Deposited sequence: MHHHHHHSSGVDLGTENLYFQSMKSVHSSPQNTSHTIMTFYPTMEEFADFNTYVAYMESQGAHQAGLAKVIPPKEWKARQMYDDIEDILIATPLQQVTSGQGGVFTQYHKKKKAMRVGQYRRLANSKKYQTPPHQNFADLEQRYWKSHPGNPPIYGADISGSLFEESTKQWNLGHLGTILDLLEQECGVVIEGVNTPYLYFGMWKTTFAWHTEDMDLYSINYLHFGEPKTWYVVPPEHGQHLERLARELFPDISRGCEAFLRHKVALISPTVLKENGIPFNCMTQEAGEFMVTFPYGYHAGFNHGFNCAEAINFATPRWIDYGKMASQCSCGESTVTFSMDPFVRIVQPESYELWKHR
């Protein structure tokens, strides 16, 4: 019902699989989204002072159209750029975060800004900014059963079982979606301005889907497509429960199966994300970017093959 925030100690932090099982035992999955604040001692990496030359092969210009909190988003591929150029562009007068009193103010401006000036999103960059020295909660090495996909079938899907980086700027958005194969996801905000998340509890996913079909007749399973934006007001107006949580630098966000989510970046930032699985996911996977469930059912549910 409500988004939980967890504050693990280092000892609690060590094993990812175990801690996610713990989060679920406390009901975290019910809201569709949980925040995890790492222990004070922990770092993803020592310094981020060597990233200006990182290549953004295909920055995406995000064009919105629509009215009254209901928008379609379209992505135009732009020419390659480096992170340094991208950062400068993000902080330029044309693209910078507008002045705001607080979050509520900024959120209202975000929703009121559509269609408006299309931002550029450095999304879907194959890569990681975690160091190998980081042995807890390293998005390249979570060690969940999702590793069976590569290990048993040799299947590599970038961004699903390998990490993606997202360099964002004001107003860049992720439209409503669930993850491929109804997998979990984890998102770590390395640095920069916040990222605001909206989530609809899994219990109410089907209601969101119905509302979406009504709101986007021409387009209508089109949500996993990541193209529909629906404002909080429109959700409230149609009686869809949702939660809103802002993620700040140094914080993790975990999304759970059947948890629809959407959001936006406040300003220049850098996030890293990957999907993962648990034994609980397998039956979602059975019902569900597609891949075979064979290795999972065979190895994790030998009883039930």
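- Residues of the deposited sequence with no modelled C-alpha atom fall in the ranges 1-34, 255-258, 327-335, 353-358.
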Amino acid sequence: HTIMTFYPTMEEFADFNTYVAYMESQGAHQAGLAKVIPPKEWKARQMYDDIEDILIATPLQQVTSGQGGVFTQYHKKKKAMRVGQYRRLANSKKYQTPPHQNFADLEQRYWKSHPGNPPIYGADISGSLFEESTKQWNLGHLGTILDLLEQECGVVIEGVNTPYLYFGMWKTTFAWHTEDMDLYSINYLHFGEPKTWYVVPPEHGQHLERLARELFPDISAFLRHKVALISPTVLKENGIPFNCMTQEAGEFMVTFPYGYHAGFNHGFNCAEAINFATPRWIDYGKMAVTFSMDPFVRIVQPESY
From here on, numbers count along this sequence of modelled residues.
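- The stretch 135-143 shows the higher mean C-alpha B-factor when 76-84 is compared against 135-143 in the entry.
- In this crystal structure, the stretch out of 96-104 and 211-219 whose C-alpha atoms carry the higher mean B factor is 211-219.
- When the C-alpha B factors of 22, 291, 13, 281 are read from the deposited coordinates, the top value falls at 13.
- In this structure the maximum Cα B-factor among 259, 66, 267, 38 is found at 66.
- When the CA B factors of the chain's modelled residues are split into thirds, the value for residue 187 lands in the lowest one.
- Ranked by Cα temperature factor within the chain, residue 5 sits in the middle third according to the deposited record.
- When all modelled residues of the chain are sorted by CA temperature factor, residue 71 is found within the highest third.
- Placement of the Cα temperature factor of residue 250 within the chain: lowest third of the modelled residues, per the deposited record.
- Among all modelled residues in its chain, residue 206 ranks in the highest third by Cα B-factor.
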